[PDB]
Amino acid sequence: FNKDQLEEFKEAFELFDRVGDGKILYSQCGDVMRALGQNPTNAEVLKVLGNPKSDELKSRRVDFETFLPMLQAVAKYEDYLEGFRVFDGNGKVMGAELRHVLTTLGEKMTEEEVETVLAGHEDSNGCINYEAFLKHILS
């Protein structure tokens, strides 16, 4: 990363500082990476954090300089489509089935997280065009 990128990333990082000390929580690190365009799994985020214990995850604070190597480490389509085709062959996926799998398998998401992303993409039958849904969440 060059100076301009670092300035831009730092500005974004500073928006997440809810205490004014120029720092974020460990638990916010993942959110900042995602806000800067990365899509790390939670597992990947915990790995760059050094697999912290519950206690340090909730209270350890990092300045931008310490955050940066973590962002770097994380930073360094045909599969995505096939991934949705698992849950299909008319190019659709039930909204109910997708809701269930996203909240019960893998790195489970809350129903509210799932509701937010799924809002407006399912039709009257309760079906999501996933190729269309995929382009949207990748945009």
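Throughout, we count residues from 1 along the sequence that is shown.
> Using what the record says, work out whether there is a hole in the model between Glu112 and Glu113 and how many deposited residues it spans (none, 1 to 3, 4 to 9, 10 or more).
The entry has no unmodelled residues between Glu112 and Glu113.
> Compare the mean C-alpha B-factor of 3-11 with that of 128-136 as given in the PDB entry, and name the stretch with the higher value.
Higher mean C-alpha B-factor in the PDB entry: 128-136.
> Using only the Cα atoms and their B-factors as the entry lists them, report which of 57-65 and 31-39 averages higher.
Averaging CA B-factors over each stretch, the winner is 57-65.
> According to the deposited entry, which of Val45, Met94, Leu71, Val101 has the largest Cα B-factor?
So the option with the highest C-alpha B-factor is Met94.
> Grab the CA temperature factor for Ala75 from the record and place it in the lowest, middle or highest third of its chain.
Tercile = middle for this residue's CA B-factor.
> Hey, what third does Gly83 fall into on Cα B-factor, ranked over its chain?
Top third by C-alpha B-factor.
> Compared with the other modelled residues in the chain, in which third is the CA B-factor of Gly89?
It belongs to the highest third of the chain when residues are ordered by C-alpha B-factor.
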